[PDB]
Ligand SMILES: CC[C@@H](C)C1=NCCS1
Ligand SMILES: [Cl-]
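Residue numbers (mature numbering (1 follows the signal peptide of the UniProt record, and there is no 0)): 10 to 161.
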């Protein structure tokens, strides 16, 4: 991975978790990326989220950990994540582990450089989720939800 090439604007496409409530409509992880800015030791993210039906912004900075390719950020507990796959110019797939109260769950996300991705890429992401124990029923196609596109 050449992490500088993930810089810029992205859209949240598919959102998946082995703890489904976290990504349901009022869940803390139901967030919609707008950009990723690559810094020397970190990644700076801007997201939107819906709070009581209203779009709202979330800004996070994730720092490199001592494990190559891994980043950490505090948000509803302690999160670590990695980049599983990307072609830089169309898609990126993230894998995240949240810890809170000594309990963990996984989050996987598919972002696109455009507001949608084709079925081939989506199905490949679904299979990768299943490879992590994230079942098909726990993958949400955010293009059929409020992603706060109007707020971008
Ligand atoms: C808490 C933010 C979370 C949704 C992230 N996903 C990919 C990088 S940060
Ligand atoms: Cl929308």
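Cβ atoms here follow ideal geometry from the backbone N, Cα and C, with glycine treated the same way.
| Check | Outcome |
| --- | --- |
| Assign residue 35 to one of two classes, buried (16 or more other C-beta atoms within 10 Å of its C-beta) or exposed (fewer than that). | exposed |
| Quick check on DSSP: helix, strand or coil for residue 76? | coil |
| Do the segment 13-32 and the segment 110-126 make contact, defined as three or more Cβ pairs closer than 8 Å? | yes |
| Along the alpha helix (DSSP H) that carries residue 136, what are the first and last residues, could you check? | 128-140 |
| For the candidate residues 119, 41, 11 and 106, whose alpha-carbon lies nearest to that of residue 155? | 41 |
| Could you check where the beta strand (DSSP E) with residue 91 kicks off and where it finishes? | 87-95 |
| Can residue 120 and residue 143 be called in contact, C-beta distance under 8 Å? | no |
| Report all residues from its chain with a CB closer than 6 Å to the CB of residue 152; omit the five preceding and five following residues, and keep chain order. | 125 |
| Looking only at its own chain, which residues have a Cβ that is under 7 Å from the Cβ of residue 150, when we skip the five neighbours before and after it? | 23 |
| List the residues that DSSP assigns as beta-bridge partners of residue 47. | 52 |
| What are the partner residues of residue 148, as DSSP defines its beta bridges? | 25 |
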